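Labels for the chains are A, B, C, D, E, F and G, by order of writing; each one numbers its residues from 1.
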Amino acid sequence: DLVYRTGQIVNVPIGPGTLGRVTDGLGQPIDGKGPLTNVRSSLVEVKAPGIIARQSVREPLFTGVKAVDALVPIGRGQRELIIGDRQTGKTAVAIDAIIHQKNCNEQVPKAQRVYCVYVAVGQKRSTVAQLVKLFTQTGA
Amino acid sequence: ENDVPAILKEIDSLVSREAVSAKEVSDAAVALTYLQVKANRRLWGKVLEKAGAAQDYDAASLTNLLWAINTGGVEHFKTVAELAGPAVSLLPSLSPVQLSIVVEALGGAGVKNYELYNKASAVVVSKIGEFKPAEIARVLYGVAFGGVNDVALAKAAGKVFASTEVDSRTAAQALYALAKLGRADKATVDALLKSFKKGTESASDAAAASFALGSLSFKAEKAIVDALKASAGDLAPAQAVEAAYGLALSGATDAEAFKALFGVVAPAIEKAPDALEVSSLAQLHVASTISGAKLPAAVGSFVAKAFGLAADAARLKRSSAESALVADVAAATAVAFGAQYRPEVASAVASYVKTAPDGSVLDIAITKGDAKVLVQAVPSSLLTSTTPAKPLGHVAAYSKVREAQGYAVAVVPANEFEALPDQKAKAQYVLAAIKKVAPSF
Amino acid sequence: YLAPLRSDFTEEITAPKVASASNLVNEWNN
Amino acid sequence: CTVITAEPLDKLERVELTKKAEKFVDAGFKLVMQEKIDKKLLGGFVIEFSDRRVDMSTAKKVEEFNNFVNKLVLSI
Amino acid sequence: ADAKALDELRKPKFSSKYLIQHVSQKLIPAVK
Amino acid sequence: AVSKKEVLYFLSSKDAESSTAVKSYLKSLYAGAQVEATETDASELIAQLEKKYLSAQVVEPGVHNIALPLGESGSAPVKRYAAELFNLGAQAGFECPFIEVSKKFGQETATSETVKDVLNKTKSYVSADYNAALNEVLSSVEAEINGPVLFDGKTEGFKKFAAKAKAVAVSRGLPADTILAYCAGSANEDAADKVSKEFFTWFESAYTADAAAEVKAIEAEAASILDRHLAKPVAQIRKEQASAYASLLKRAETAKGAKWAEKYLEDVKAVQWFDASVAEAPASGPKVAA
Amino acid sequence: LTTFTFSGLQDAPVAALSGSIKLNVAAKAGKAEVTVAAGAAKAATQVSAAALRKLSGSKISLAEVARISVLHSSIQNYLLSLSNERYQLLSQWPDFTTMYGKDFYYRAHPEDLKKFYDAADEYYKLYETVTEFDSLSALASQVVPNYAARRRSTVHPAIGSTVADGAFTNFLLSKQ
């Protein structure tokens, strides 16, 4: 079989048109809501920003979970591992963080609004229809 | 005792009520045509609203309404084309004169109702001995301008127009209908034109016969052009444009009639140039260049630019089988000048598309030194409907107006061109047609 | 009374998808 | 290489095809071009160099034309 | 003021006609 | 203004703001101006594209000037509606829809030598329950021969396909014999008249049936959206339409400089003028100068 | 219309057929004695056969002055004609105000009286929302864009399925 090269490294559509859309692992939509409008292509593997590009992590990111917000607090710009065994509530903490970002996004100005991305790696396909049902039910 | 705005106010109060029937709105339309109420358009709008709103129609009131719409110079396509339902439903109920007025007024407005024209054509060609020739000319005008190319009623009309003696306006309406149909049968037209001997009462008949003999290209008659010489005040500027165009197309050398018609149309243009379409302005440029009768200093340049506009717009909205024919005639012209391979043919046909001096686009423009030769194609919309199938008068006009710019026009008909089996025969035909008008190419 | 302005073409030729009858008249009769 | 065209070539169409095919070789390599016909191409040529393809056919140009005007009207 | 015209009142108002022009004056200069 | 190719399309059209620009253009040309030379360039992809986007500017205001015959008795309002649409297609630069969609078939399938691909490339332009009916007889003939049926015309498998395709065509209700007798013709013109007077009867019945189907679909959409609207309270209806009016005003004047936005706001000011002139004297309608 | 027409003082209306306006002409050789009389007022002039053919020179060209469009006015006219059909069945609603008295209050079950008062409130909701006639002009703007997009076809404004199937039978049952 003939293999043609496309000349381009793997890229995905980024932009504000990706909001509200269920995409697959390559940026193509799977929600059946037509093609992605108002987007632009960008590479999936960009080099991470260096030392002078950083800033000290000072402003909080509220998850809405009071154990996390009280004891194990998160700042904006932080990597926080949700580690545990199966069926202990890792996805529940993540979805509560996303829903609380929707709830906080209504009472803040345009600048300090948090836009969430949920990546579902290797999950069941009926599980991620429950999540888009819950996100369209809550408004998130 | 006598006040026309008094009965106008009574009429506009009559058609302002809500329970208006078909009969009083027919009578109000008739009373508006009998009193020349062109200047007040809202009363015509009220009577046409209440005419289109009526439900049940008899024969006489529908015939009076359609006669009133036809005679009064009013058109509205929605309410007139919606009257064809009462026309179809009452068609066994109509008399021949009523059927003639109905089909004439519905064809003259351009109503696309092929069921009405077929069901009227069948009852005309079945029972034609009871039809007066003016009534047959009315049904022929209706089927002709309705968009139907019905040759059965055309032949059955030509039989009557050769067997009977007809009036002036009957023969003029039949000539206008045949010119719209584009048939140009000799034995029908010369039988129709034996009636223009008493002098015409109205110049609309002479102008319609002028445009008909111009578009059918028989020749000028020396009796119609006398009526246009004397009665050139009974015409609109848009009417006298069609008159002068059909005169200049039909070989009329009588330049005083062109003087009398251009002295009508040019004050209307220099008063307000927006009154006519650019098709009429193109026809006026044709009639100015062919006859040679001078227009004023602002009108001639205006119609010369407007002919380029109209020809280029007829090029943009080309029939798209004429596009294939123009590409084929350009390819055969490239082969005729010598091109055995395909990039030579493509480079020639991309080079043949030079610009006319007024701003138009000519598809085949050949230049050798200082002489120019144009090759024009006439596919099917510019040929007559009959089995001779000669080109119509409008492309004789196009040739005569491009020849004034310096282009020796070699016309290529499509009954001749693509009936040939191969491309070298088409190149032979194109070169033999170029050498007929220009042996230097 | 405003309509959103659209600039799009229909490439296909489709039957115009007649919608089914709403149940309002028998509900109001109920 | 092999060349796919829509029509059987003329000998001026052929020598002009080699004028454009030589610019897809980055040397003075005079090619051993053969010919082939498939009229699903809308005119033009497809040069299959046995490791790279150059699709200068019009049938791909009218598809890249349609894919170009279908993405501007979604943004404009 | 009042009583504008007839050829100005014959215009259908909320037809598009200008998103068609906003595309075609930004497509044909961009596709040529 | 106009780029001189829009003004060439607007000559045959009879809508208002095209005729206004045509009259202003020739009023400019009368008072000592020069008509620009037309571009003898822009090869056929660009030519077909700007032909499409210029015929759209003649279709789009002409569609809004054609009254729908919703809820009318008889066929002549539907014949009026289809006649207005046909004359609009003529003024826009299109030919007859028979000619135009046959040109579309011949354009899209210029290379399809197989009947399977000429059915699977005109699938968007024919009805799906007729594409299925032709795929039925296609599979029946290619199961009869166990060989593909080619789009040649003189392969005998193609004729054994067409012998049943004409049967399903006359089973659909359309006379294929009169259609073929019009589009091929005969020698004597009195027989051409006899086949044209049946082809045009079928053609009129077909386009008025399709226009009546579009009218019935618009009637069903209006009835459905009214019965969805008549189930609401009045305050919900008023706030819904007020929010929609506010959103469609915001979407207009947030993007300024674009000609469609200023035309939109001129049109809403013209609607307000219409309401004012009707509220001045409601028995005389709007004030029209004459 | 066309450029020239061929009607006037020949096979013309000679009389009127209504009583609200009566008409009589004189079918002479050349001219006409027109006598129009609509009710109280009466007018009379003379027109010739060469003067009725001068009438159709400059055309009237009637056109419609609509608030938004003729398309939008047609869709709003259909919405008004359907709202009349709904109003006609809200017109045969039984009169509940003849059962508001306290001799009907205290004879009745409490839940049935609550149902009766909720039914009266339901009729008031339906009757207030069927006579909101200022919402039809914004309802008809929702039928306009999808319909106008359906008329912006790449083939033709007036293309249908039956015409396309007939032309596809013409395309298929010919060679190539």
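Basically, a contact is a pair of C-beta atoms (placed from the backbone, for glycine too) under 8 Å apart; a residue touches a chain by one contact, two chains touch by 3 or more.
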Which chain's centre, taken as the mean of its Cα atoms, is farthest from the centre of chain C? D
What chain is most central when centres are computed from CA atoms? F
Roughly how far is chain E from chain G, centre to centre by C-alpha average, rounded to an integer in Å? 28
Whole-Å gap between the CA centroids of chain A and chain E: 43
So the centre of each chain is just the mean of its C-alpha atoms; given that, what is the distance between chain A and chain G in Å? 56
Can you list the chain G residues in contact with two or more other chains? 63, 65, 68-72, 86, 126, 138, 140-142, 144, 148, 150, 152, 154-155, 159-161, 164
List, in ascending order, every residue of chain D touching at least 2 other chains. 65, 69, 73
Shared-contact residues (touching 2 or more other chains) in chain C: 1-9, 11, 13, 15-16, 24-25
List of chain E residues in touch with chain C within their complex: 14, 16, 18-20, 22-23
Sort out for me which residues of chain E touch chain D in the complex. 22-23, 26-27, 30-31
Across the complex, what residues on chain F touch chain E? 3, 15-17, 19-20, 42, 46, 49-50, 53-54, 56-57, 60-61, 63-65, 258-260, 263-264, 267, 270-271, 273, 276-277, 280, 286-290
Residue numbers of chain B touching chain F in their complex, please. 40-42, 77-78, 81-85, 88-89, 110-115, 118, 121, 148-152, 155, 273-274, 277-279, 281, 298, 302, 305-306, 308-310, 312-313, 316-317, 319-321, 353-355, 358-361, 385-387
Quick one: in the complex, what on chain B touches chain D? 340-344
